[PDB]
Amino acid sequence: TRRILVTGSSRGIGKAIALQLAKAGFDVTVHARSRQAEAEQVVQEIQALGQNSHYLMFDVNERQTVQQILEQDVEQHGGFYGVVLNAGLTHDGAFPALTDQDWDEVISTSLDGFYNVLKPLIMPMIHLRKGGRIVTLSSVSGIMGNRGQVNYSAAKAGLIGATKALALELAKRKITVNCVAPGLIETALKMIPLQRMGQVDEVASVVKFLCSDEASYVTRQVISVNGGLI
């Protein structure tokens, strides 16, 4: 059975993604940085739906630790068919007021996270010889920019460029690579045409569609789920 890793899936959008992918018939491996009991509850929900699940704990910024954990996980459970890079981080503030930590933690969590998680998993995915799915979570801020978010806009825009480039490299192996860019999600309203925040499942549904076999001709794309914001 095809297995998908979802980062930051103990709560929020990542949890909704994990549950929808399980309902669609994937085995789903849960991940969190620190909330272990929260991760175990999601694992139990996925098992209740009739799929296999377990969780992995790591900080996506810990390059060597992430490599070791994922290498061992692939050895024990096989390569991942899909990877959803959902975990990210903000440190909002006017640009001249941003601290070194405000900048670096935001940039690294998204972009180091992309490299650190995907580098150990590309070859195990290719070796499944059945295509694959990679979906990154960006933001409307990565497309348009946002005041107080020069760091977050840069990190989420960088994720878009990484996604498009990797789509080109992996297309020959039938691995699609796409990005989902949420707007304002429940986990400003009078700029949103639909006049409300989005719900976590409204984001997860797009990720689930892209991970489905039906989405086989979609790659290199940024799909905005933002109530019409842009």
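So that there is no doubt, residue numbering starts at 1 and follows the sequence shown.
Coordinates are given for every residue of the deposited sequence from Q67 through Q68, so that no gap is recorded there. Higher mean CA temperature factor between 177 to 185 and 28 to 36: 28 to 36, per the PDB entry. Note on 5 to 13 vs 216 to 224: mean CA B-factor is higher in 5 to 13. Across the residues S138, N146, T99, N151, the deposited record lists the maximum Cα B factor for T99. When the CA B factors of the chain's modelled residues are split into thirds, the value for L166 lands in the lowest one.
Among all modelled residues in this chain, the alpha-carbon of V203 has a temperature factor (C-alpha) in the lowest third.
Remark: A157 belongs to the lowest third of its chain, ranked by C-alpha B-factor as recorded. Looking at the C-alpha B-factors along this chain, the one for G79 belongs to the middle third.
Remark: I134 belongs to the lowest third of its chain, ranked by C-alpha B-factor as recorded.
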